[PDB]
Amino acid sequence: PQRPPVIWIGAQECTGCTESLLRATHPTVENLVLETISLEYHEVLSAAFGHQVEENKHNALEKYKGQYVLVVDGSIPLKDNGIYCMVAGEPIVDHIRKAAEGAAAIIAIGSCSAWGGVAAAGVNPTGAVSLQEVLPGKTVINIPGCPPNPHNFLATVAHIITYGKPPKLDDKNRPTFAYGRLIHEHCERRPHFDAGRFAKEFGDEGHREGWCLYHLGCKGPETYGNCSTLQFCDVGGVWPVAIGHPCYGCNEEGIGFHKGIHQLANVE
């Protein structure tokens, strides 16, 4: 049978959001591209380059008009008329707007495309903005994190394919199965928080007993995500807090890349 088409365009990306797919298990990246979808454009993996790969993008946008899922990683830079990311001699914002016209669904994978991320922090040298800001007439599905667990993306695409619509979304257009709850409202170290059992420095006696990381700067009280439950890499037990380091808030605008590692979170 025919497979559902996907077009993937990178803007001011670091490639970590593509690289998340190389850790996935359900599906693995090889089963994704041979069995689940037809990946019609992706510059990291494509056999074709240059003029050939731009022709195959144009052909796919025509053939699959109204049918494809468009995916973007990285922020989009608006300063100085788009010149801080130029592909085939044109601003990346123009390539993204053209591809959006025919998309059946549009997904911002990672914090950079979802809300500007690290690229839009500090002084914001390039006037970097989110995918939703570049496409104000479109519903953009946001899958934040730096990078997210790849299955927060893959299970969103599966819901579209299997059931014919997107998963249920919150008021930031994030899927509820992955972003519907604060990390601190589902964290296994909450008993220690409640009891006043805190790590004060890495390597201290409470740290070496797995106590709460609040006083090291944990941003779990102010960050929506599934890091404590789904975790990472499907080996069991692996997320930043379980390894011994506070959450930095990388999912959440105004927390990650803004607040210092050891700055304390606000508690509701």
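The first residue of the sequence shown is number 1, and the count goes up from there.
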| property | result |
| --- | --- |
| Mean C-alpha B-factor comparison - 50-58 and 217-225, higher one | 50-58 |
| Entry-level comparison of average CA B-factors, 237-245 and 36-44, reporting the higher stretch | 36-44 |
| Options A119, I76, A108, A100 - largest CA temperature factor per the record | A100 |
| Highest-ranked of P191, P175, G137, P147 once sorted by CA temperature factor in the record | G137 |
| CA B-factor placement of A114, once the chain's modelled residues are sorted into thirds | lowest |
| Entry-reported Cα temperature factor of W211, expressed as the chain third it lands in | middle |
| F232 CA temperature factor, ranked by third within the chain | lowest |
| Among modelled residues of the same chain, the CA temperature factor third for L131 | middle |
| Where the record places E185 (Cα B-factor, split into thirds across the chain) | lowest |
